[PDB]
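Beneath this line is the structure, given in structure tokens, with notes to follow.
What follows draws every value from the coordinates through simple rules; no lab data is involved.
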Amino acid sequence: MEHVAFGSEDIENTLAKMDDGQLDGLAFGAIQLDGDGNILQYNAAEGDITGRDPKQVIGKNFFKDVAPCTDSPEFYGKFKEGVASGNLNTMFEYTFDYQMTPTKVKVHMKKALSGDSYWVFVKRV
Ligand SMILES: *C(=O)/C=C/c1cc(Cl)c(O)c(Cl)c1
């Protein structure tokens, strides 16, 4: 296991060193999105939460195709406001229910250190 806690204040610094393999060592789901919501990285813990195969979702549009239940002001709206502003750091609970048993999670979105990239972190609640 990579020893990083969900919600850590410096999480973007810690995850900046991680290739796809290190990311798979986290205790929580981690997705990296570009500013348009395309999936750049998607770790094993996230796949365990959602059932999706991490390798297959990379390159897909998160808000349009993968996760339409997040296409709402409560999730996508927060993301895009952060992308527009350049300073995203928001945490909230949410239910994932698209083609899956509804699953309640805690979501933390945070701007990455790599230029136009944004993390979505997820854990069960
Ligand atoms: C609602 O449609 C959510 C779906 C969903 C959310 C996340 Cl974070 C995720 O990783 C997947 Cl594959 C689907």
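What the table shows:
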item: Expected 222 nm ellipticity per residue - DSSP helices of 4 or more, -39500 (n - 2.57), all of the chain, to 500; result: -5000 deg cm²/dmol
item: C-alpha center-to-center spacing [the range 93-125, the range 1-67] in angstrom; result: 9 Å
item: For the chain, projected area of the alpha-carbon convex hull averaged over all directions, nm²; result: 6.7 nm²
